[PDB]
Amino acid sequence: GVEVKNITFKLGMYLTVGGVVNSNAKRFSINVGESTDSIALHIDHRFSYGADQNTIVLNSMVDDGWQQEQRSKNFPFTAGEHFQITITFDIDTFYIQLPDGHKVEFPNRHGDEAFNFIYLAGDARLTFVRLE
């Protein structure tokens, strides 16, 4: 998927990602961190991934190893349709605004103040990234 590197996404900023879910999507993720092996925030939108049907799975990855999962069954996503998601954070917590007023919080496990890497993976097409 699309990898955005050498950006500065730090305290007090927001990041919005727009995309269109593919027609027969299985899943797509948005990822914020340092690299494909260091991810502070993985938001996996699972349409049908094993036992996870219309479920968001959140995690972090450290040295290419997945940590402890969190799940949400609020799933305002539809195959073939546009979405926007907005992320902000402080040293404690990521705040994720999903479509249709849904919201998920996920811990900022290392208390990082800035990230340099954003990555959209799987069954969605990027339409835009806005960061300020």
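When you see a residue number, it is the position in the sequence shown, counting from 1.
Chemist: Can you tell me whether 90 to 98 has a higher mean C-alpha B factor than 58 to 66 in this record, or the other way round?
Modeler: Result: 58 to 66.
Chemist: Quick one: higher average CA temperature factor, 67 to 75 or 31 to 39?
Modeler: Comparing averages over the C-alpha atoms only gives 31 to 39.
Chemist: Taking the Cα B-factors listed in the entry, which of 120, 20, 11, 15 comes out highest?
Modeler: In this record, 120 carries the highest C-alpha B-factor of the candidates.
Chemist: Can you work out whether the C-alpha temperature factor of residue 103 puts it in the lowest, middle or highest third of the chain?
Modeler: According to the entry, residue 103 has a C-alpha B-factor in the chain's highest third.
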